[PDB]
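Trainee: Encoded as structure tokens, here's the structure I'll be asking about.
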RNA sequence: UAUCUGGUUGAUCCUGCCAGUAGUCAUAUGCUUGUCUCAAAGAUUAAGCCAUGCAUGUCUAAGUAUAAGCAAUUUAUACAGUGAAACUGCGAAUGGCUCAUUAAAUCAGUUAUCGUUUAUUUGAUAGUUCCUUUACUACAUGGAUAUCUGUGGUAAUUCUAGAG
RNA sequence: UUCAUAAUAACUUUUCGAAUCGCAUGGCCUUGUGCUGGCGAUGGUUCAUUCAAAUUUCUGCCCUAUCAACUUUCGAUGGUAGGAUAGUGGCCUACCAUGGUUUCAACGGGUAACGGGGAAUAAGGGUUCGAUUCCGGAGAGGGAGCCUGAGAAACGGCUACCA
Ligand SMILES: [Mg+2]
Ligand SMILES: [Mg+2]
Ligand SMILES: [Mg+2]
Ligand SMILES: [Mg+2]
Ligand SMILES: [Mg+2]
Ligand SMILES: [Mg+2]
Ligand SMILES: [Mg+2]
Ligand SMILES: [Mg+2]
Ligand SMILES: [Mg+2]
Ligand SMILES: [Mg+2]
Ligand SMILES: [Mg+2]
Ligand SMILES: [Mg+2]
Ligand SMILES: [Mg+2]
Ligand SMILES: [Mg+2]
Ligand SMILES: [Mg+2]
Ligand SMILES: [Mg+2]
Ligand SMILES: [Mg+2]
Ligand SMILES: [Mg+2]
Ligand SMILES: [Mg+2]
Ligand SMILES: [Mg+2]
Ligand SMILES: [Mg+2]
């Protein structure tokens with residue numbers, strides 16, 4: 002009885018299971034942006050839908066009066082920092098049209114691929130999980146990390162491990178011993 | 002059940018401790034004393050969560066045993082003494098005296114007060130009554146009873162208290178156009194002037210109180226504490242000074258002020 | 002190579018506890034882990050405290066080695082450090098001794114076996130010796 | 058037999074369950090305020106007894122081994138000053154620091170003197186603590202007499218101000 | 001983040017229901033199960049039953065000490081260092097568990113106690129006890145009871161009877 | 001306010017007004033060991049305050065008319081007086097009056113009902129759930145009765161009867 006640490010079943014399924022075009026359209030997304038699950042998509046869709054839900058419940062009220070203006074702006078501020086929303090569009094009514102595809106292209110997954118490094122997309126997810134890639138001076142092994150647009154530039158290979166060039170790749174310790182034997 | 006309650010469970014812990022949801026099933030029950038359960042502040046919260054002079058309750062306990070801590074002149078060794086509103090807490094090692102005063106948000110604040118002024122405690126009324134030997138006596142909402150007061154120290158009117166001796170330095174009357182600090186929930190820790198006093202028969206005396214910014218607000222009398230006449234409040238108040246800004250106003254001041 | 006680049010954030014000086022209490026941000030450039038005995042050497046030379054009076058805890062490195070964020074105290078003296086600090090921290094450093102004691106349940110069994118009797122145990126032992134004939 | 062103690066004032070030569078509070082014997086109460094029904098034997102003697110206690114008040118002919126030959130001295134004695142004053146029979150004028158059974162106990166080679174913890178005296182520290190309390194009693198009475206006089210004066214000072222304001226129209 | 005399909009027909013459009021569909025800090029189970037953080041967990045049926053052990057006791061410069069205890073040594077010719085035991089004090093009415101009762105009852109907010117108790121809490125504080133006033137306990141009144149000393153019982157028990 | 005409080009009158013199986021305790025050993029000589037005085041502890045009186053405590057105001061519950069009357073001999077509703085209680089009171093007692101509630105569902109029954117906070121669901125309106133981390137309330141096998149105590153109708157107290 003400290004307190005129930007709250008949580009959410011955050012990421013929530015669609016209300017049918019077999020809309021053929023959705024089943025493809027979700028595959029397309031998991032193929033383009035390399036997602037192991039449908040979950041990874043619904044995760045974004047819900048995470049996004051929560052925002053949308055705010056935007057609707059702000060746009061119901063008059064933008065000029067307080068919450069509408071403040072919470073809406075803070076909601077926009079949040080998105081532009083996370084880098085989904087453009088700098089062309091900061092008008093709340095544009096937040097309403099954000100979509101899942103724009104959210105995914107902001108993940109650390111993709112911003113590896115968009116800055117080169119990996120080649121062929123998935124490789125990044127593998128690099129990320131395999132403890133390379135440091136956004137700050139701090140390793141990240143979540144693919145779905147959401148990059149901060151400000152921090153985008155700081156994405157490089159880790160101080161530790163290969164590719165940064167500290168230690169080469171764990172079959173060298175095999176063949177450096179094997180070549181020394183010959 | 003079966004008489005008074007000895008524990009206080011942390012979620013039930015009054016919010017203006019700013020006690021931590023986790024890191025303990027319980028909260029420190031403020032012990033019995035001059036200030037009401039929720040309106041008090043037990044020293045564990047003061048010395049640990051607020052000031053961080055202790056890293057845990059143990060160290061607070063010892064800090065009170067060695068004994069430089071002196072809440073309102075007297076020493077205290079009580080981990081959960083009701084150090085409520087106005088209570089001058091003087092730590093003689095460091096010389097860091099603190100008056101207990103509400104931040105505009107509502108939650109109490111560390112005000113790193115002078116030698117010096119932390120020497121009187123402002124205190125309200127309460128009573129006016131008389132006791133035995135026909136002695137007229139005054140009582141402070143903020144704890145103490147003081148004997149033989151000036152006849153025209155009336156009710157809901159403040160009194161400066163000598164604190165170390167515990168007598169009467171001076172008093173501020175309650176009436177129209179007098180700087181008034183606030184101690185009631187939503188308007189808690191705001192400051193203002195006083196315009197009206199709706200008398201009201203039975204159902205609580207109201208007071209219409211314009212701040213520096215002249216945003217009017219109403220409270221009840223019981224939640225109002227006359228800090229002086231306008232311009233000169235008798236206590237040194239924290240940065241913010243009882244204004245209470247709007248939400249966007251606070252967001253503006255934060256993201257404007259970025260000095261790395 | 003590495004140099005164990007120690008730092009010392011949030012120095013809250015404390016006459017009530019007779020210490021400077023603070024966080025220890027630390028680094029490992031290519032080394033892995035800092036270790037505590039190595040830290041108190043680095044806190045001794047930095048604060049003029051000596052290993053004895055320094056008391057550090059918490060840490061838990063970030064991730065990718067990188068960093069470690071301790072919670073270093075530096076007392077005013079060794080005698081001061083002994084009489085304030087909880088015993089377990091004095092055991093860690095080798096200053097105080099580990100308090101050799103009986104198990105918890107055995108202490109409670111010993112409490113209740115003691116609760117069961119009344120007065121002095123010399124009376125019940127002499128009665129028990131008399132019952133050997135019975 | 059069986060082993061229930063013959064409580065006095067009970068009557069009958071029979072076994073009786075009986076309610077016994079603190080303030081009597083026959084029950085060592087393990088709560089500060091508590092009654093309880095322990096069993097008890099009556100006061101009158103019957104065949105079922107193993108044991109009667111018998112105070113051998115006045116002596117007779119045959120002294121038996123060491124029941125009336127040897128003498129076990131008193132372990133404890135007078136603690137209070139008025140007790141030591143009765144026991145020896147000294148009165149007030151004899152003064153104090155001695156009449157006490159110090160014991161010379163040995164650990165092994167070392168041999169040194171024990172002593173009691175005797176109470177009650179007109180001690181210098183006792184006297185001064187009374188005089189201090191007596192002073193506080195007087196000084197607190199003066200201070201409140203002074204404070205009462207000051208507000209008897211202050212009320213009169215206000216009373217003159219009321220009379221000046223009132224008389225006009 | 002307002003969503004519908006299959007089914008009575010020869011086929012049609014309805015009434016209509018059933019069936020699916022999604023989710024449940026909603027129970028159960030069936031497979032399967034590598035890691036990280038977090039983490040409910042004998043409520044549902046029997047407020048059914050309970051071996052064993054434990055979960056409430058507490059002493060400070062500071063209520064009571066000739067333990068025939070420990071101390072031991074450079075305050076005791078009444079006492080003063082530690083202190084088992086015990087009485088006194090206070091606590092054990094807190095917490096914990098549970099949901100059987102219980103349907104204007106409980107309970108929520110709302111008042112009220114000018115209708116009351118309140119150890120503790122921190123603030124306050126009692127020349128008047130005398131009883132005619134020329135020789136009176138007050139620089140200190142009394143005897144008990146416990147722990148103890150033994151005398152014991154019992155088939156048992158955190159049973160305790162007598163004397164000092 | 002018949003309040004606070006103050007008076008006149010007394011009582012009373014005359015409450016309380018320290019025959020209590022640890023550290024500190026100062027100040028005047030009427031040169032006694034005199035008279036004097038510091039820092040604390042507990043205790044103790046009603047007034048305060050706090051922790052609370054009992055009541056109590058208003059409004060608010062799930063299903064059932066295959067419950068339309070119910071309460072009032074055995075307190076129901078009111079009154080006068082007492083008794084009790086810490087205290088208000090049909091809380092109890094005497095004497096008196098005949099009230100009281102009801103289709104704006106009294107009363108009765110049901111509840112696989114502890115109440116609330118909340119939970120799930122999730123356009124809006126809602127439905128169902130809330131034993132369960134907080135807040136109330138109850139209970140400690142049942143049902144009683146009580147000791148101590150500020151606070152217990154305690155149950156890691158006791159007395160009993162049933163099981
Ligand atoms: Mg309880
Ligand atoms: Mg009122
Ligand atoms: Mg690594
Ligand atoms: Mg006891
Ligand atoms: Mg609908
Ligand atoms: Mg048909
Ligand atoms: Mg067909
Ligand atoms: Mg269905
Ligand atoms: Mg003693
Ligand atoms: Mg009156
Ligand atoms: Mg009282
Ligand atoms: Mg009456
Ligand atoms: Mg039920
Ligand atoms: Mg319900
Ligand atoms: Mg509930
Ligand atoms: Mg149930
Ligand atoms: Mg509860
Ligand atoms: Mg049971
Ligand atoms: Mg009972
Ligand atoms: Mg209990
Ligand atoms: Mg029990």
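Chains as they are written, first to last, in the UniProt record's numbering: chain A, 2 to 183; chain B, 2 to 261; chain C, 2 to 135; chain D, 58 to 226. Don't be surprised by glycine CBs; every beta carbon is placed ideally from N, CA and C.
1) Who are the neighbours of residue 252 of chain B on chain A, taking C-beta pairs under 8 Å?
2) Can you give the Cα-Cα distance for residue 58 of chain A and residue 20 of chain A, rounded to whole angstroms?
3) Could you name the residues of the segment 183-203 of chain D whose beta carbon sits closer than 7 Å to any beta carbon of chain B, in the order they occur along the chain?
4) What ranges does the alpha helix (DSSP H) occupy inside the segment 6-86 of chain A, keeping only unbroken runs of at least 4 residues that lie completely in it?
5) Taking a cut of 9 Å between CB atoms, which residues from the segment 143-164 of chain A lie near chain C?
6) Alpha carbon to alpha carbon, what distance is there between residue 173 of chain A and residue 180 of chain A?
7) Would residue 112 of chain B count as contacting chain C if we go by Cβ distances under 8 Å?
8) So what's residue 157 of chain A in DSSP terms, helix, strand or just coil?
9) Closest to residue 87 of chain C by CA distance: which of C:21, C:25, C:56 and C:61 is it?
10) With respect to the alpha helix (DSSP H) encompassing residue 252 of chain B, which residues constitute its N-terminal and C-terminal limits?
11) Hey, out of B:142, B:143, B:174 and B:170, whose CA is closest to residue 149 of chain B's CA?
12) Within 8 Å of any Cβ in chain A, is that where the Cβ of residue 31 of chain C sits?
13) Taking Cβ positions, are residue 118 of chain A and residue 141 of chain A nearer each other than 8 Å?
14) Could you run through the segment 48-62 of chain B and flag, in chain order, every residue whose CB is less than 8 Å away from some CB of chain C?
15) In terms of residues, what are the limits of the beta strand (DSSP E) holding residue 26 of chain C?
16) Kindly indicate which three-state DSSP category residue 164 of chain B falls into: helix, strand or coil?
17) Counting only beta-carbon atoms, is residue 149 of chain B nearer than 8 Å to chain D?
18) In three-state terms, what does DSSP make of residue 191 of chain D?
19) With a threshold of 8 Å, are at least 3 pairs of Cβ atoms found where one atom belongs to the segment 98-106 of chain A and the other to the segment 122-136 of chain A?
20) Determine the DSSP secondary structure at residue 131 of chain D, reduced to helix, strand or coil.
21) Any C-beta of chain A within less than 7 Å: which residues of the segment 59-89 of chain C qualify?
22) Closer than 8 Å by beta-carbon distance: list the chain A residues that pair up with residue 23 of chain B, in chain order.
23) Which residues in chain B have a C-beta closer than 7 Å to the C-beta of residue 13 of chain C? List them in chain order.
24) With a Cβ-Cβ cutoff of 8 Å, do residue 191 of chain B and residue 102 of chain B count as a contact?
25) With DSSP as the reference, label residue 17 of chain B as helix, strand or coil.
26) Of the residues that make up the segment 72-106 of chain B, which ones have a beta carbon closer than 7 Å to any beta carbon in chain C?
27) Within the segment 51-95 of chain B, note down every full alpha helix (DSSP H) run reaching 4 residues or more, in order along the chain.
28) Suppose contacts are defined by Cβ-Cβ distances below 8 Å. Is residue 58 of chain C in contact with residue 71 of chain C by that definition?
29) Using only CA atoms, which one of D:73, D:72 and D:89 lies nearest to residue 80 of chain D?
30) Buried or exposed: where does residue 143 of chain B fall if 16 or more other Cβ atoms within 10 Å of its Cβ makes it buried?
31) Taking the beta strand (DSSP E) that residue 24 of chain B falls in, what are its first and last residues?
32) Is residue 174 of chain D near ligand 9, in the sense that its beta carbon is under 7 Å from a heavy atom of that ligand?
33) Please list, in chain order, the chain C residues whose beta carbon lies closer than 9 Å to that of residue 132 of chain A.
34) Ends of the beta strand (DSSP E) at residue 13 of chain C?
35) If I'm right that residue 72 of chain B touches residue 90 of chain B with Cβ under 8 Å, what's the distance once you round it to whole angstroms?
36) Which class does residue 142 of chain A belong to by DSSP, given the choice of helix, strand or coil?
Mentor: Taking the structure as given:
1) Neighbours of residue 252 of chain B on chain A, chain order: 71 and 75.
2) 28 Å
3) none
4) Within the segment 6-86 of chain A, the runs of alpha helix (DSSP H) that reach at least 4 residues and sit entirely inside it are, in chain order, 21-33, 40-60 and 67-83.
5) 159, 160, 161 and 162
6) 10 Å
7) no
8) strand
9) Nearest C-alpha to residue 87 of chain C: C:56.
10) 248-257
11) B:170
12) For residue 31 of chain C, at least one C-beta of chain A is nearer than 8 Å to its own C-beta.
13) no
14) 53, 54, 55, 56, 59 and 60
15) 26-28
16) coil
17) yes
18) helix
19) No, they do not touch.
20) coil
21) 63, 64, 65, 66 and 67
22) 3, 4 and 6
23) 53
24) no
25) Of the three classes helix, strand and coil, the one that applies to residue 17 of chain B here is helix, per DSSP.
26) 92, 94 and 95
27) 58-66
28) yes
29) D:89
30) buried
31) Where residue 24 of chain B is concerned, there is no enclosing beta strand (DSSP E), given that its DSSP letter is neither H nor E.
32) yes
33) 65
34) 13-15
35) Contact holds; Cβ gap of about 5 Å.
36) coil
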